[PDB]
4 protein chains.
Amino acid sequence: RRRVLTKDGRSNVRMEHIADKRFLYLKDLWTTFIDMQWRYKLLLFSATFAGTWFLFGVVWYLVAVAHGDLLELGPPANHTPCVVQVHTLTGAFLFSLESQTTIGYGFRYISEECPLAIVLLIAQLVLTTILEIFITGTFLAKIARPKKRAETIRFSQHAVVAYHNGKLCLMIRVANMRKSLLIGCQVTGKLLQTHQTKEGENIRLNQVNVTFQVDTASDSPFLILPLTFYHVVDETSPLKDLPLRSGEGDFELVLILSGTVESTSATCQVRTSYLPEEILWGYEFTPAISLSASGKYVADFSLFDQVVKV
Amino acid sequence: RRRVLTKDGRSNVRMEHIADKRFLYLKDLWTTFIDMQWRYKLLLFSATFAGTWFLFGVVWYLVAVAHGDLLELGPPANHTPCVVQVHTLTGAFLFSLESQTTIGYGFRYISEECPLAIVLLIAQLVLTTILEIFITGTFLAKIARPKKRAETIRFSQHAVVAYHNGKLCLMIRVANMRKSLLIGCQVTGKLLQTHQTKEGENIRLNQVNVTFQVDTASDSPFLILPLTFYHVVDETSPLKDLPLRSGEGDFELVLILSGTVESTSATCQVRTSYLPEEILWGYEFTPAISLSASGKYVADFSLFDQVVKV
Amino acid sequence: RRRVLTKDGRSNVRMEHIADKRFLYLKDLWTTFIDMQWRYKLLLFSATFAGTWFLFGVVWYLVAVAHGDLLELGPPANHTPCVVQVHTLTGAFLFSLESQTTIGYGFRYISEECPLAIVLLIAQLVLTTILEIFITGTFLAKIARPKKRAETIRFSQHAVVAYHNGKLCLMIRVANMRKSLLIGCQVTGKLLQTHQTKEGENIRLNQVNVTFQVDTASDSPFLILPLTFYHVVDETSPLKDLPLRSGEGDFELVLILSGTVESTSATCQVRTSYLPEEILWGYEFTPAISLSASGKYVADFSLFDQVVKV
Amino acid sequence: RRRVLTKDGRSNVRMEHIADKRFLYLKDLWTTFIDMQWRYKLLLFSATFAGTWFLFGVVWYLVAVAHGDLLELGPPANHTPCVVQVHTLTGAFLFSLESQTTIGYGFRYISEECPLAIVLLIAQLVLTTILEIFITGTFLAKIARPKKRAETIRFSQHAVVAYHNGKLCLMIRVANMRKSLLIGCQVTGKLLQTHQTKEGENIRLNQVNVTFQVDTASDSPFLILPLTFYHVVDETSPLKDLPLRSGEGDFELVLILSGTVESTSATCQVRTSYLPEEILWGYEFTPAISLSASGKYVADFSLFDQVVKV
């Protein structure tokens, strides 16, 4: 079916007919590189490096020509070249490489003769320094992003409705597949249904907050163990008189979990959704925590998504 | 007209007669570079590099002189120089460059003869290492800033007043021109009018909070689609008995949207304003979202700022 | 005994039977390196470097062979090698090293003859650049983590119950063993007891918030001096009719302190716990702050954990 | 007088008799370097670099000896050294330098003869790479800290009491000496008085929150202009029946301003204090904002701290 958020939590919209997109991306380069695909990113990385090399190699070759350093121009024995041992565009590129990387073997070096050569080298160096810096920074950040981290936190596949403490509650389960901690986490659902007009031309989406509680309905400092989040279905509930039955109803229960990560201080956001068909009536998550002889608690994720009837 | 915040959200104040500004900027160098103009920043970048080069080149030339390494001083065949192949200030600069960048060709190298040369090189290296680090860090950060990001979020051009759910509401529209998400966003307006005294000498600006609501008047986790923010004009409203009519009134409705960015964990703040003349009476934003055959929602920004009369 | 959080605040759970763990770690490499053990991390660091070296050395040796550059292949005096001075896998590795580190002595350099050599070098450079960057970034971050910082903040060893301002209060003490400040700190306890079912197969842990107050029960901006945190044991208390006596009761009072660090803007979280046996009845922390002639306050941590009876 | 926080906002406590301080600092190296003095930090920076150089130079000299590479050991014309052109501890150090920095001139290079030399070089490289990284990271961060930034935000020198809107209010003034913005700022005062016991042995400090309001008593998104913060002295006030008169009373009004910075996403905290003597009765900050012909507001900091009587 059509849905707001993919079951794993990826965006499910496209945008169209943005005027002046290109210029706007050119202004905000940094973000544009951080958000770009990986293929084109690798390509741009390698191209930056080797293409700066190549361009400056052609440039150095031209400087050589204009000064006649080439061999079969028949330079006199008097002739000090603008650069040493450069008489082919190949060696030109090779010197571009040796100097810009700063490998600097020493079989080709600059000579005191040509000043334009000197300034040209300084320019090459400064610019390529800049570009190296920029690209490496974007690459660092694009790895560092915590989206990918989100995958090691998992919602239940199914939401289930039953009597908890005598109150009708819709229940979901969350867990963390790593030892590193999430902190300051908070669960907040939104409820999103369908409003059709005159036409299939437009839709107004009416959001409704749904809050989810654990103990005091506040937040949970640490997501130590698979946490059971439940929401009160009483007349305060925007869900109350939904068609509570099997399958029918035109809605989506978007679920959001936002909280800080321990080792990076980044805010990390997991998302997923529940369809009217995905919700189950009168069911009980098999408790997924058991204790062991060595003395502390075990989270066995074979039962995480298991349910049985009440 | 005079305004608090430029329509795009840039500061519109100047400060004057700050005593001891210069020293204060010299203390806080880091921020001072991060906040400085780009031109002077590039200039300072290149100058740092090449001027360290130049200074140490002069220094090396002097060391050469004091040791008589120059050629037409007629050094005996006995003579080991403080440095090899340095007999001109040109080569001096060239060695400064080759060592400080660590290009190190090898046609000019240090010799074991002069110890002062050695310490001098170590100093050059350590200091220039420091400066390189500092400047590159400031450059990284100054790119990374999220102000520029703010431009890819856009407020409506016009605020419009009408009956929403039967309540008189002032309405604005927001949207995001990129696929990357904003999170934890919150809209808060302030109301700023004009208080004149005895003189044109001074003014007290009285702020008044105005809150803006969407569904529950709480916040919206994600800015997926162009969001309609509305404020209740009832007697709780600081706007209530403003001259609600066309144009007149001496005020500014400053609008602020603050929230975390997904890919960087940075807090991002958009701002703009509304003048008494910019506000429109009895108008309806054409709904800007439509659905498509492939199945999910389209945000067509040609209608974003479009209105028609109710 | 079995406990939730180790007395110092380390996690005390294991997870089991995670399906598809390996692929999931391969997706999220960055975090996986940041969270990995130090031994394997050093190993992987050094291996990256020297093994890239070694692989490309073998590669260069092969290029040499295919071009017959080896000596006892008896290369004619006509013969320009793909690389200079490479006729042994040893020198191959040595050139890999000299170029990839960019040490570039110059006794072995590339020649204009073989283009495949050139592209091969460019590839070596680009890839090894990438890997260097990644590993150094993960290493930086893994140092930077503030967990280790947490150890310089210390809870009391014992929680003690007595009449503070006439109200029965459970009391703990916190302190900071460094001059650097913590800011925005907030103390929040959870109460965790034991719910057994039919079987030793599963357990539901019921959390209950416990709030801890100092002056106004709000938060404390700065943790200047050893702070006494106390909780009101009245009928609002989830502790109220616990077996308040010596030792008995099946619970754990988990204590959490979350707040921003000054010099890094990182959020820092200390944790520890209290067992039913660790709690003491009718006791008074000896006040740990005294003033001195030079004029300001001294925090003497010999008394920090000292108590005497009321 | 004795005070909690220095008028500018520096900590005014010392800690004493911390057991196991040294080991604890050795665990948390990163923070320990970030928090250490600048002198010792520069010293440690330069020492790391040049001392790694020096140690490995001695090491290389020893390898030379053990292989007899020294000249006046009279090496036969047959003799391939472990290293080229190294026959003095001086050149040893020079090669340490040329390789570890990767300056690599080429007058001294390694030869294929000695494998131990090779591994030794690889080790030198890897370790020194590590250390370089660590130190540069700590240096970056230690600059980046926003404490120093705090100095460009200034509280009033004097707190003043008077009738604002008819309510008795204690009033202070804040301002920002830079164009860069602070965001999400919040002012919160604490009130700290003196509780003496039996002895001059100990003191319990009782904190009391004091909230400070501007318009709605909420927070102020941006600190555009010098902001007047006022607190309501009515019977809700912990200040209410203080000795409201000149000078007397044994207290300190600690003032805290916490908020995010624009260009770095760092949280920035300004602090200062007010003594019972520093507070003034019946006084009015001269309004410090005036408008100008060019059209927008001017903050003239000559009047910032000026007052006159009501």
# chains A, B, ... in the order shown; residues from 1 in each chain; ligands from 1
call {"tool": "select_by_dssp", "arguments": {"residues": "stretch 34-266 of chain B", "states": "strand (DSSP E)", "output": "number ranges by chain"}}
result
B: 153-155, 160-164, 167-176, 182-193, 207-211, 220-222, 227-232, 251-261
call {"tool": "residues_around", "arguments": {"residues": "residue B:243", "least_positions_apart": "5", "cutoff": "12 Å", "atoms": "only C-alpha atoms", "output": "PyMOL selection string"}}
result
chain B and resi 238+248-251+276-277+279+281
call {"tool": "write_last_selection", "arguments": {"atoms": "N, CA, C and O atoms", "output": "short mmCIF file (atom, residue, chain, number, x, y, z; two decimals), in the first residue's frame"}}
result
data_model
loop_
_atom_site.label_atom_id
_atom_site.label_comp_id
_atom_site.auth_asym_id
_atom_site.auth_seq_id
_atom_site.Cartn_x
_atom_site.Cartn_y
_atom_site.Cartn_z
N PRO B 238 -2.02 38.64 21.63
CA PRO B 238 -1.46 39.99 21.62
C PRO B 238 -1.79 40.75 20.36
O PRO B 238 -1.64 41.98 20.33
N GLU B 248 -2.10 49.31 8.24
CA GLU B 248 -1.72 50.21 9.32
C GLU B 248 -1.50 49.44 10.61
O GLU B 248 -2.01 48.32 10.78
N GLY B 249 -0.75 50.04 11.50
CA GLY B 249 -0.11 49.40 12.63
C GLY B 249 1.39 49.50 12.48
O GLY B 249 1.94 49.45 11.38
N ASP B 250 2.07 49.69 13.61
CA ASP B 250 3.51 49.89 13.62
C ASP B 250 4.13 48.72 14.37
O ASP B 250 4.42 48.81 15.57
N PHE B 251 4.35 47.63 13.66
CA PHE B 251 4.83 46.41 14.30
C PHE B 251 5.65 45.59 13.33
O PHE B 251 5.79 45.91 12.15
N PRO B 276 3.24 45.11 8.96
CA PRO B 276 1.79 45.32 8.98
C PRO B 276 1.19 45.37 7.59
O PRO B 276 0.02 45.03 7.40
N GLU B 277 1.99 45.77 6.60
CA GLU B 277 1.50 45.85 5.24
C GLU B 277 1.56 44.49 4.55
O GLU B 277 0.79 44.23 3.61
N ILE B 279 0.73 41.65 5.66
CA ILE B 279 -0.29 40.71 6.09
C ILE B 279 -1.55 40.92 5.27
O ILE B 279 -1.93 42.05 4.95
N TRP B 281 -5.75 39.84 4.44
CA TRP B 281 -7.00 39.58 5.12
C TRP B 281 -7.85 38.65 4.28
O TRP B 281 -8.00 38.86 3.07
#
call {"tool": "closest_residue", "arguments": {"among": "C:32, C:267, C:80, C:246", "to": "residue C:161", "atoms": "only C-alpha atoms"}}
result
C:246
call {"tool": "closest_atom_pairs", "arguments": {"of": "chain C", "to": "chain D", "cutoff": "8 Å", "atoms": "only C-alpha atoms", "output": "JSON lines"}}
result
{"residue": "C:46", "atom": "CA", "partner": "D:126", "partner_atom": "CA", "distance": 6.6}
{"residue": "C:49", "atom": "CA", "partner": "D:126", "partner_atom": "CA", "distance": 7.8}
{"residue": "C:50", "atom": "CA", "partner": "D:122", "partner_atom": "CA", "distance": 7.5}
{"residue": "C:90", "atom": "CA", "partner": "D:112", "partner_atom": "CA", "distance": 6.3}
{"residue": "C:91", "atom": "CA", "partner": "D:112", "partner_atom": "CA", "distance": 6.3}
{"residue": "C:101", "atom": "CA", "partner": "D:102", "partner_atom": "CA", "distance": 7.3}
{"residue": "C:102", "atom": "CA", "partner": "D:102", "partner_atom": "CA", "distance": 6.3}
{"residue": "C:103", "atom": "CA", "partner": "D:102", "partner_atom": "CA", "distance": 4.3}
{"residue": "C:104", "atom": "CA", "partner": "D:104", "partner_atom": "CA", "distance": 5.6}
{"residue": "C:105", "atom": "CA", "partner": "D:106", "partner_atom": "CA", "distance": 4.1}
{"residue": "C:106", "atom": "CA", "partner": "D:106", "partner_atom": "CA", "distance": 5.4}
{"residue": "C:107", "atom": "CA", "partner": "D:106", "partner_atom": "CA", "distance": 6.8}
{"residue": "C:136", "atom": "CA", "partner": "D:133", "partner_atom": "CA", "distance": 7.3}
{"residue": "C:140", "atom": "CA", "partner": "D:134", "partner_atom": "CA", "distance": 6.9}
{"residue": "C:143", "atom": "CA", "partner": "D:30", "partner_atom": "CA", "distance": 6.4}
{"residue": "C:144", "atom": "CA", "partner": "D:30", "partner_atom": "CA", "distance": 6.3}
{"residue": "C:148", "atom": "CA", "partner": "D:28", "partner_atom": "CA", "distance": 5.6}
{"residue": "C:149", "atom": "CA", "partner": "D:28", "partner_atom": "CA", "distance": 6.0}
{"residue": "C:151", "atom": "CA", "partner": "D:24", "partner_atom": "CA", "distance": 7.5}
{"residue": "C:152", "atom": "CA", "partner": "D:24", "partner_atom": "CA", "distance": 7.1}
{"residue": "C:177", "atom": "CA", "partner": "D:18", "partner_atom": "CA", "distance": 7.0}
{"residue": "C:178", "atom": "CA", "partner": "D:15", "partner_atom": "CA", "distance": 7.9}
{"residue": "C:179", "atom": "CA", "partner": "D:14", "partner_atom": "CA", "distance": 7.8}
{"residue": "C:180", "atom": "CA", "partner": "D:35", "partner_atom": "CA", "distance": 7.0}
{"residue": "C:214", "atom": "CA", "partner": "D:207", "partner_atom": "CA", "distance": 7.4}
{"residue": "C:215", "atom": "CA", "partner": "D:207", "partner_atom": "CA", "distance": 5.1}
{"residue": "C:216", "atom": "CA", "partner": "D:208", "partner_atom": "CA", "distance": 6.3}
{"residue": "C:221", "atom": "CA", "partner": "D:256", "partner_atom": "CA", "distance": 7.7}
{"residue": "C:224", "atom": "CA", "partner": "D:13", "partner_atom": "CA", "distance": 7.3}
{"residue": "C:225", "atom": "CA", "partner": "D:13", "partner_atom": "CA", "distance": 7.8}
{"residue": "C:262", "atom": "CA", "partner": "D:147", "partner_atom": "CA", "distance": 7.7}
{"residue": "C:263", "atom": "CA", "partner": "D:145", "partner_atom": "CA", "distance": 5.3}
{"residue": "C:264", "atom": "CA", "partner": "D:145", "partner_atom": "CA", "distance": 6.5}
{"residue": "C:265", "atom": "CA", "partner": "D:266", "partner_atom": "CA", "distance": 5.7}
{"residue": "C:287", "atom": "CA", "partner": "D:202", "partner_atom": "CA", "distance": 5.8}
{"residue": "C:288", "atom": "CA", "partner": "D:202", "partner_atom": "CA", "distance": 6.6}
{"residue": "C:289", "atom": "CA", "partner": "D:202", "partner_atom": "CA", "distance": 5.1}
{"residue": "C:290", "atom": "CA", "partner": "D:202", "partner_atom": "CA", "distance": 4.4}
{"residue": "C:291", "atom": "CA", "partner": "D:202", "partner_atom": "CA", "distance": 7.1}
{"residue": "C:295", "atom": "CA", "partner": "D:2", "partner_atom": "CA", "distance": 5.8}
{"residue": "C:296", "atom": "CA", "partner": "D:13", "partner_atom": "CA", "distance": 6.1}
{"residue": "C:297", "atom": "CA", "partner": "D:13", "partner_atom": "CA", "distance": 5.3}
{"residue": "C:298", "atom": "CA", "partner": "D:14", "partner_atom": "CA", "distance": 5.4}
{"residue": "C:299", "atom": "CA", "partner": "D:15", "partner_atom": "CA", "distance": 4.7}
{"residue": "C:300", "atom": "CA", "partner": "D:16", "partner_atom": "CA", "distance": 5.0}
{"residue": "C:301", "atom": "CA", "partner": "D:18", "partner_atom": "CA", "distance": 5.7}
{"residue": "C:302", "atom": "CA", "partner": "D:17", "partner_atom": "CA", "distance": 6.5}
call {"tool": "write_last_selection", "arguments": {"atoms": "N, CA and C atoms", "output": "compact mmCIF listing (two decimals), in the first residue's frame"}}
result
# COMPACT_ATOMS: atom_id res chain seq x y z
N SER C 46 47.69 -0.54 12.20
CA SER C 46 48.99 -0.91 11.67
C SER C 46 48.86 -1.80 10.44
N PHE C 49 47.99 0.25 7.28
CA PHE C 49 49.15 0.92 6.72
C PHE C 49 50.09 -0.08 6.05
N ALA C 50 50.69 -0.96 6.85
CA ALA C 50 51.78 -1.78 6.36
C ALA C 50 51.31 -2.82 5.35
N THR C 90 62.04 -6.72 -2.31
CA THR C 90 62.38 -5.85 -1.19
C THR C 90 62.30 -4.39 -1.59
N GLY C 91 63.01 -4.01 -2.65
CA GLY C 91 62.93 -2.63 -3.10
C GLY C 91 61.54 -2.27 -3.55
N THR C 101 53.53 6.69 1.96
CA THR C 101 53.79 7.67 3.01
C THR C 101 54.17 9.00 2.45
N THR C 102 54.70 9.02 1.23
CA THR C 102 55.23 10.23 0.65
C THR C 102 56.51 10.64 1.38
N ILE C 103 57.34 9.64 1.71
CA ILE C 103 58.69 9.93 2.17
C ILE C 103 59.58 10.28 0.98
N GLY C 104 59.42 9.57 -0.13
CA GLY C 104 60.07 9.94 -1.39
C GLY C 104 61.52 10.34 -1.31
N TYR C 105 62.39 9.40 -0.95
CA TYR C 105 63.82 9.69 -0.92
C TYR C 105 64.31 10.14 -2.28
N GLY C 106 64.24 9.26 -3.28
CA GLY C 106 64.60 9.58 -4.65
C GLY C 106 65.58 8.63 -5.28
N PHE C 107 65.98 7.59 -4.55
CA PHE C 107 66.85 6.57 -5.12
C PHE C 107 66.06 5.60 -5.97
N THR C 136 42.13 7.26 10.86
CA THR C 136 42.52 8.32 11.77
C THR C 136 41.30 8.98 12.38
N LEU C 140 40.58 9.20 16.36
CA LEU C 140 40.27 10.46 17.02
C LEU C 140 39.01 10.34 17.85
N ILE C 143 39.12 8.03 20.96
CA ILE C 143 39.69 8.71 22.11
C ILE C 143 38.69 9.69 22.70
N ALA C 144 38.06 10.49 21.84
CA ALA C 144 37.33 11.66 22.31
C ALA C 144 36.15 11.27 23.20
N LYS C 148 35.04 7.63 29.41
CA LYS C 148 36.21 7.64 30.29
C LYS C 148 36.19 8.87 31.19
N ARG C 149 35.76 10.01 30.66
CA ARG C 149 35.60 11.20 31.49
C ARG C 149 34.73 10.91 32.70
N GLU C 151 34.54 8.80 34.80
CA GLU C 151 35.14 8.22 36.00
C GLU C 151 35.58 9.30 36.97
N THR C 152 35.74 10.53 36.49
CA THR C 152 36.18 11.61 37.36
C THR C 152 35.01 12.30 38.04
N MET C 177 35.90 15.03 40.44
CA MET C 177 37.31 14.98 40.80
C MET C 177 38.19 15.80 39.87
N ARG C 178 37.66 16.81 39.19
CA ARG C 178 38.44 17.64 38.28
C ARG C 178 37.95 19.08 38.29
N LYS C 179 38.82 19.97 37.81
CA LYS C 179 38.52 21.39 37.80
C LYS C 179 37.59 21.75 36.65
N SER C 180 37.70 21.04 35.54
CA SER C 180 36.77 21.23 34.45
C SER C 180 35.35 21.01 34.94
N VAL C 214 17.53 18.97 45.19
CA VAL C 214 18.64 19.60 45.87
C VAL C 214 18.13 20.83 46.61
N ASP C 215 17.63 21.80 45.85
CA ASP C 215 17.08 23.03 46.39
C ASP C 215 15.62 23.20 46.02
N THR C 216 15.33 23.22 44.72
CA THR C 216 14.00 23.42 44.19
C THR C 216 13.54 22.20 43.42
N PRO C 221 22.86 24.00 37.73
CA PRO C 221 23.66 24.41 36.56
C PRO C 221 25.07 23.88 36.56
N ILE C 224 29.76 22.39 41.23
CA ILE C 224 30.94 23.02 41.82
C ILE C 224 31.51 22.16 42.93
N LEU C 225 30.67 21.73 43.86
CA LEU C 225 31.11 21.09 45.08
C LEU C 225 30.30 19.83 45.29
N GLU C 262 31.98 21.01 29.64
CA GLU C 262 32.30 22.39 29.32
C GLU C 262 33.19 22.49 28.09
N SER C 263 34.27 21.73 28.07
CA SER C 263 35.32 21.94 27.09
C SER C 263 35.07 21.23 25.77
N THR C 264 33.99 20.46 25.65
CA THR C 264 33.74 19.68 24.45
C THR C 264 32.31 19.73 23.96
N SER C 265 31.37 20.23 24.75
CA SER C 265 29.96 20.28 24.38
C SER C 265 29.35 18.89 24.25
N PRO C 287 29.65 16.44 56.60
CA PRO C 287 29.79 17.49 55.58
C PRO C 287 31.24 17.56 55.12
N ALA C 288 31.43 17.63 53.81
CA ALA C 288 32.73 17.44 53.21
C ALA C 288 33.38 18.74 52.75
N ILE C 289 32.75 19.89 53.00
CA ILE C 289 33.26 21.17 52.54
C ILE C 289 33.67 21.99 53.75
N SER C 290 34.86 22.58 53.68
CA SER C 290 35.35 23.47 54.71
C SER C 290 36.03 24.65 54.05
N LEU C 291 36.09 25.75 54.79
CA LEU C 291 36.69 26.96 54.27
C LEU C 291 38.09 27.14 54.85
N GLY C 295 40.64 31.88 51.56
CA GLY C 295 39.34 32.51 51.53
C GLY C 295 38.21 31.77 50.86
N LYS C 296 38.46 30.68 50.14
CA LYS C 296 37.41 30.01 49.38
C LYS C 296 37.38 28.52 49.72
N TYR C 297 36.42 27.81 49.14
CA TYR C 297 35.96 26.57 49.74
C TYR C 297 36.80 25.38 49.29
N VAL C 298 36.96 24.42 50.19
CA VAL C 298 37.80 23.25 49.96
C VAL C 298 36.91 22.02 50.02
N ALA C 299 37.07 21.14 49.04
CA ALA C 299 36.34 19.88 48.99
C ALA C 299 37.30 18.74 49.32
N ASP C 300 37.24 18.25 50.56
CA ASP C 300 38.18 17.25 51.05
C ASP C 300 37.54 15.87 50.92
N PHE C 301 38.00 15.10 49.93
CA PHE C 301 37.35 13.85 49.56
C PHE C 301 37.71 12.69 50.47
N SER C 302 38.33 12.93 51.62
CA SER C 302 38.50 11.86 52.59
C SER C 302 37.21 11.63 53.36
call {"tool": "atom_distance", "arguments": {"atom1": "atom CA of residue A:286", "atom2": "atom CA of residue A:303"}}
result
6.4 Å
call {"tool": "select_by_dssp", "arguments": {"residues": "stretch 34-260 of chain D", "states": "alpha helix (DSSP H)", "output": "VMD selection string"}}
result
chain D and resid 34 38 to 66 89 to 100 115 to 144 147 to 150
call {"tool": "residues_around", "arguments": {"residues": "residue B:57", "least_positions_apart": "5", "cutoff": "8 Å", "atoms": "only C-alpha atoms", "output": "list in words"}}
result
residues 89, 90, 92, 93, 94, 95 and 96 of chain B
call {"tool": "write_last_selection", "arguments": {"atoms": "C-alpha atoms", "output": "PDB file, in the first residue's frame"}}
result
ATOM      1  CA  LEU B  89      67.927  33.945  -1.595  1.00  0.00           C
ATOM      2  CA  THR B  90      65.891  32.290  -4.329  1.00  0.00           C
ATOM      3  CA  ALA B  92      66.677  29.813   0.196  1.00  0.00           C
ATOM      4  CA  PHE B  93      62.971  30.399  -0.343  1.00  0.00           C
ATOM      5  CA  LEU B  94      62.851  27.227  -2.390  1.00  0.00           C
ATOM      6  CA  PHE B  95      64.258  25.212   0.503  1.00  0.00           C
ATOM      7  CA  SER B  96      61.896  26.850   2.949  1.00  0.00           C
TER       8      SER B  96
END
call {"tool": "atom_distance", "arguments": {"atom1": "atom CA of residue B:176", "atom2": "atom CA of residue B:155"}}
result
9.0 Å
call {"tool": "decode", "arguments": {"residues": "stretch 126-139 of chain B", "atoms": "N, CA and C atoms", "output": "CSV table (one decimal), in the first residue's frame"}}
result
chain,number,residue,atom,x,y,z
B,126,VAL,N,57.8,23.1,13.6
B,126,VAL,CA,56.8,23.1,14.7
B,126,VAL,C,55.8,24.2,14.6
B,127,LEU,N,56.4,25.4,14.4
B,127,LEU,CA,55.5,26.6,14.3
B,127,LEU,C,54.6,26.5,13.1
B,128,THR,N,55.1,26.2,11.9
B,128,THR,CA,54.3,26.1,10.7
B,128,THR,C,53.3,25.0,10.8
B,129,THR,N,53.6,23.9,11.5
B,129,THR,CA,52.6,22.9,11.8
B,129,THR,C,51.5,23.4,12.6
B,130,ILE,N,51.7,24.1,13.7
B,130,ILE,CA,50.7,24.8,14.4
B,130,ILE,C,49.8,25.6,13.6
B,131,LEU,N,50.4,26.6,12.8
B,131,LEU,CA,49.6,27.5,12.1
B,131,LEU,C,48.7,26.8,11.0
B,132,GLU,N,49.4,25.9,10.2
B,132,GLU,CA,48.6,25.1,9.3
B,132,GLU,C,47.4,24.5,10.0
B,133,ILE,N,47.6,23.9,11.1
B,133,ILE,CA,46.5,23.2,11.8
B,133,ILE,C,45.4,24.2,12.1
B,134,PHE,N,45.7,25.3,12.7
B,134,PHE,CA,44.7,26.3,13.2
B,134,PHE,C,43.9,26.8,12.0
B,135,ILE,N,44.6,27.2,10.9
B,135,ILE,CA,43.9,27.8,9.8
B,135,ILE,C,43.0,26.7,9.1
B,136,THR,N,43.4,25.5,9.0
B,136,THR,CA,42.6,24.5,8.3
B,136,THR,C,41.4,24.2,9.2
B,137,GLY,N,41.5,24.2,10.5
B,137,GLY,CA,40.4,24.0,11.4
B,137,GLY,C,39.4,25.1,11.2
B,138,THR,N,39.8,26.3,11.3
B,138,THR,CA,38.8,27.4,11.1
B,138,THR,C,38.1,27.4,9.8
B,139,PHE,N,38.9,27.0,8.7
B,139,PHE,CA,38.3,26.9,7.4
B,139,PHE,C,37.2,25.8,7.3
